[PDB]
Protein chains: 4
Amino acid sequence: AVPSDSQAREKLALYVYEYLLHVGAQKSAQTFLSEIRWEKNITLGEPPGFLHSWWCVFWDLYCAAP
Amino acid sequence: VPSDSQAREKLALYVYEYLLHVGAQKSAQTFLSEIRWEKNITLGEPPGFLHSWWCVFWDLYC
Amino acid sequence: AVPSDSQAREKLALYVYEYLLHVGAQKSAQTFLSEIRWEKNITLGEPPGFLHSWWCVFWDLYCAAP
Amino acid sequence: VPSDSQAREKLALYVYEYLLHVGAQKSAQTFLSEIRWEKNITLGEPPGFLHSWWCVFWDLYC
């Protein structure tokens, strides 16, 4: 009843929306906001977007191994 | 190490999964069309790889 | 001449200091601040500390593989 | 997956490395004494594993 990861989920949606726009999937991005009933501001940062930047590092660490 | 190409492809795959699991199928299907995804589409259990790892990292930096 | 990762390095030092205190290495923590000529505030959060928390996740991802 | 024990031990090892590379040898040596580190001590090139990965992640969340 009291979300834990609320901020994280909101932000993931924001940054997925940004990602979709940035990869040229505008219709997908628009439909995404509709489907999830987005009610917040959309403030997009300087590209590259957060998700792509994050993914670059994440994927590097995921592929790395001891 | 991982190639830029591989990283990009995997991100698209995992975003597709995310969109399905968050309940945005129309968006997910449109996404594959807009990026001209031709390869095999597979996914796993909800909410998905991206969601799972995103949230654990987000929590740290809060 | 114009640092890039300045904040990151400052914060790493802060959180290493916290880690050292938390693992019972008080003398190490004290000597650390002396050796690096620390001139900033020391504001410690609720334990567990940031570095241990971060490491838990980082190490999980490092050990994971495709 | 990785055990809590393994994670803790590796963190200590990499903090030791960090302390050496940042120029805090007295702190590093004291650290090993305070945690009663008995095992093999090894390290690599500066600034070290912890520094390297810390900074790349920190930059993301800035």
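Reckoned from all heavy atoms, side chains included, excluding hydrogens, waters and symmetry mates. In what follows, every chain begins at residue 1, and chains take the letters A, B, ... in the order their sequences are listed.
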Donor on one side chain, acceptor on other, D:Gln29 and D:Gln25, under 3.5 Å: no

Heavy-atom closest pair, residues A:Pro3 and A:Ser6: CB-CB, 3.7 Å

Residue pair D:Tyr18 / D:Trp54, side-chain donor-acceptor N/O under 3.5 Å: no

Distance-minimising heavy-atom pair for A:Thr31 and B:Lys26: CG2-CB, 3.7 Å

Atom pair OH (D:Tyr14) and CG (D:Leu11), whose distance is rounded to the nearest 0.5 Å: 10.5 Å

Distance, nearest 0.5 Å, that separates OH of A:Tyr62 from SG of C:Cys63: 12.5 Å

Residues forming a ring-ring contact (aromatic ring centres under 6.0 Å, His included) with C:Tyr17, sequence neighbours excluded: none

Salt bridge (charged side-chain N to carboxylate O under 4.0 Å, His left out): pairs with one or both residues in residues 4-23 of chain A, sequence neighbours excluded: none

Close side-chain approach of C:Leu51 to D:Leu50, heavy-atom, < 4.5 Å: yes

D:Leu13 vs D:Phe49, side chain to side chain contact (heavy atoms under 4.5 Å, CB included): CA-CA, chis, key distance, verdict: CA-CA 10 Å; D:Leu13 178 69; D:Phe49 184 78; over 6 Å; no

Side chain to side chain contact (heavy atoms under 4.5 Å, CB included) assessment of A:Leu20 paired with A:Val16: CA-CA 6 Å; A:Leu20 290 169; A:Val16 166; 4.0 Å; yes

Nearest atoms (heavy-atom pairs only) where C:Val23 meets D:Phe31: CG2-CE1, 4.0 Å

Residues D:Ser27 and C:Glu35: side-chain donor-acceptor under 3.5 angstrom: no

Nearest non-hydrogen partners of D:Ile35 and D:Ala12, listed with the distance: CD1-CB, 3.9 Å

Check against side chain to side chain contact (heavy atoms under 4.5 Å, CB included), C:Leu44 and C:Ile42: CA-CA 6 Å; C:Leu44 308 175; C:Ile42 290 287; 4.0 Å; yes

Residues in side-chain hydrogen bond (donor to acceptor under 3.5 Å, both in side chains) contact with C:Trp59, at least two apart in sequence or another chain: D:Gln6

Evaluation steps, ring pair (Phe, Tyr, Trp, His ring centres under 6.0 Å), between D:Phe57 and B:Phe57: CA-CA 10 Å; D:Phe57 272 96; B:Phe57 272 96; 5.0 Å; yes

Atom pair CG (D:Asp59) and SG (D:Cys55), whose distance is rounded to the nearest 0.5 Å: 9.0 Å

Non-hydrogen atoms of D:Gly48 and D:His21 that approach each other most closely: N-CD2, 3.8 Å

